[PDB]
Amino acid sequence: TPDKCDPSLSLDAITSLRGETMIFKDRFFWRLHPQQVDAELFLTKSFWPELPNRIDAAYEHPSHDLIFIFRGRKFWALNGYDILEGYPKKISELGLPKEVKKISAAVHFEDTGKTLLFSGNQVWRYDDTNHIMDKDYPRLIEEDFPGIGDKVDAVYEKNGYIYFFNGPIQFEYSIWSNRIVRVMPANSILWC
């Protein structure tokens, strides 16, 4: 059982599901609402047993209302409690190289059709408009987003900002000014 305010909390992944935020930790996930209080914790397998027990990264696709879940080399598309047919797919149909096995985080920006997947120390920018990898990548975490470290454990965009969680730390980054607006404890996403 994950501790909501263990000031040593790191997160495994983070999406948004129809304007409801989902934070994954181990075989759990916290569900958050647009308000101020409350933060439920369910088992992941309560909702989707076909999934793995650990989640590597997660992102929501706004035009399809889908959530892609990454674990090792396989990824799952999910809509509701369902799992789209044809899944789990490999991360190969994704165009990622093969010296790449894990995906640590993922964010999709509705502004550009660009899906930002991070692996180990690099990034990769897919084009979820044309299904293509923006060729000027794999850039280094350090090169593109300087300041946040050299690894991303979870990431999400709540309007304007891209939130990077590096270990027990949260960065409120500005995609437009390329500068860390503010730094916080990872668990404040859960009000702690």
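Residue numbers here begin at 1 and follow the sequence given.
K.L.:
As stated in the PDB record, which stretch has the larger average Cα B-factor, 31-39 or 161-169?
P.N.:
Mean B over CA atoms: larger for 31-39.
K.L.:
According to the PDB entry, is the CA B factor of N178 in the bottom, middle or top third of its chain, that is, lowest, middle or highest?
P.N.:
Highest third - that is where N178 ends up once the chain's C-alpha B-factors are sorted.
K.L.:
Using the temperature factors of the C-alpha atoms in this entry, rank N79 within its chain: lowest, middle or highest third.
P.N.:
Answer is highest: the recorded C-alpha B-factor places it there.
K.L.:
Ranked by Cα temperature factor within the chain, is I132 in the lowest third, the middle third or the highest third?
P.N.:
Its C-alpha B-factor belongs to the highest third of this chain's values.
K.L.:
Within this chain, which third does the Cα B-factor at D144 fall in: lowest, middle or highest?
P.N.:
Answer is highest: the recorded C-alpha B-factor places it there.
K.L.:
What third of the chain, by the recorded C-alpha B-factor, contains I189?
P.N.:
Ranked within chain, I189 CA B lands in the lowest tercile.
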